[PDB]
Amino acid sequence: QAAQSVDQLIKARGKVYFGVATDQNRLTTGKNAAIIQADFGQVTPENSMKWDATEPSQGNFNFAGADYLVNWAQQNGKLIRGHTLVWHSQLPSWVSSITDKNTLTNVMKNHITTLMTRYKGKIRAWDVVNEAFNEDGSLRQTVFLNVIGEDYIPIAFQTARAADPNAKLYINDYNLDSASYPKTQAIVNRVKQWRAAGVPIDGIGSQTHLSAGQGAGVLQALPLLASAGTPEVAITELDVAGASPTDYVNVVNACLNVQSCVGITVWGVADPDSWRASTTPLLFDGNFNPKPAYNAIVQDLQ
């Protein structure tokens, strides 16, 4: 654990939190638990709340991993961001095998309702729909879109709101890092349209999985995302190939500069445990020691 907490410091700057992705496998090993307890104030389940883990077989839910994280979070006063309710990846074959509109709709609604109800009132925000956009801005042709149609998004959000009116509902996606990129402009326009039709989209989550030097563009991208009018926006899965302090500080400043940005979540704790470990993209090294990027963030927030 680092002496200076980025969560404490960002809270002092007026934001809600600075957190990290984690799960039982991390909390039970190394110094992950201690680091999170001391330097972060929010956690997102890296995998335990996804569809393949929670509903491997239809109507047969498994909350072992999810319960571990939620309980640990509550016991340690950490906020929680539910991830991911509707997504084409890490999706059971029984779901993708469905071709009937009514069937898939009910299946999707039940999945959403079951997970959110179990943790009702305990989750600050949920990534209801994940990666629904193609790079050109068109909607990704997933089983949900192909079988239910474009209305699957409004349906997912309306269902989520009814399940837990306390949680902030997000649509999450990547490559929303540049203001001139098609995808960024498209999600803004679509979210503007959906909210206008009454869809309860409370926030846009920008994964922010960057490569070296892409932090600079976020300074203009985040404000653009905020222009969609959602009450909230957030950096949800931050990591940067190379872990340059320049990229990290730029992303933090982008959030500080955007009134509606509630916080930042970095996608993991130590480099070797990153899903992109070959790019040592996190804030702590294999020795669980703070990297130059962590200190740079601290210095920027003070």
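Heads up: residue numbers just count along the shown sequence, starting at 1.
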Please compare 24-32 with 40-48 and say which has the higher mean C-alpha temperature factor in the record. 24-32
Got a sec? Mean C-alpha B-factor, which is higher, 96-104 or 202-210? 96-104
Would you mind finding, among 169, 176, 112, 196, the residue with the largest C-alpha temperature factor in the entry? 196
Determine, from the deposited record, the chain-internal third of the Cα B-factor for residue 217: lowest, middle or highest. middle
Third assignment of residue 251 from its chain's C-alpha B-factors: lowest
Chain-wide C-alpha B factor ranking for residue 62, given as lowest, middle or highest third: highest
Quick check on the deposited entry: does the C-alpha B-factor of residue 2 sit in the lowest, middle or highest third of its chain? highest
Could you tell me which third, lowest, middle or highest, the C-alpha B-factor of residue 239 occupies within its chain? lowest
